[PDB]
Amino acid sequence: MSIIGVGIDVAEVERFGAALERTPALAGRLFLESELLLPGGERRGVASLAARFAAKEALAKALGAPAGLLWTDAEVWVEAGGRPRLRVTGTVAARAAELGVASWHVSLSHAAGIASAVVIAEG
């Protein structure tokens, strides 16, 4: 295998929270039900959601961000140890197949009011 694409994205946490609050429908357009909850069942916070949004944008960049990708066709899930993972379906899986992507790698960070993500697509 080799690298097919890389993406980076930085989101301003305050700006992202304001966007979610402005339009009630927005959270459900960007996130699956599972992404909106913490492992315990509590509602996921704004910085953590902003990092997940950054991850989806970074994923889109790694694929050359064609038209037709659905936010909900990229899912950030979490291993027991706390590690974030990408699962792709539908439109995002189809674009990944066009490019030959077999494996996804992601990391998230949030500090100083910004949420950051890096995504590497390999295949």
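The first residue of the sequence shown is number 1, and the count goes up from there.
The mean C-alpha temperature factor is higher for 41 to 49 when 41 to 49 and 25 to 33 are set side by side. Of the two segments, 69 to 77 and 55 to 63, the one listed with the higher mean B-factor is 69 to 77 (C-alpha atoms only). Across 102, 108, 99, 111, the entry's maximum B-factor at the CA atom is seen for 111. Residue 87: CA B factor in the middle third of modelled residues in this chain (values from the PDB entry).
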